[PDB]
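Read the single chain below, which is given as structure tokens and is the form deposited in one PDB entry.
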């Protein structure tokens, strides 16, 4: 069994993240999806809690027909020591074989620990990114179009737009 790993803040989970996930699932048996910076919530850049993001991913991956047997969703708090972060991930996850990341630090930390590291198979443009999603939430743009409908439903239930607007005042 070949297991990949992906790590991102996913503030919130959007269609781009999902496109990337589906591409990775073409080349691994199972994908471990880590929600990074799980300690951060209630800011403009990081509005949603770990739990809210777990909810987003769980609903979206189940809405899009990906069998439950092919993924794991794990929240991962940041830690002060970069030299321990890979060990931290490892403790919180199933065993894995390959890490997907475009980030130089994430790449180098995993490489130094002996893991195979590769760039994600797809890169999405800025206008589909979290920055754009959050800006549209703030400015009454079309944020819903950038998310799976299951994520929209989460954001509606948790009053996510109201939160981010209040925090920006």
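Positions refer to the first chain, counted from 1. Take the two forms, superpose them, and find the largest set of C-alpha atoms that agree within 1.5 Å; that set is the rigid core.
Below: the form deposited in another entry, not depicted.
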Original post:
With the rigid core superposed, which of 52, 113, 30, 46 has its C-alpha shift by 2 Å or more between this form and the one not shown?
Top reply: 113
Original post:
What happens to the Cα distance from residue 30 to residue 122 in the other form: does it get closer or farther than here, with a change of 3 angstroms or more?
Top reply: farther
Original post:
Knowing the Cα distance between residue 123 and residue 146 changes 3 Å or more in the other form, does it shrink or grow relative to here?
Top reply: closer
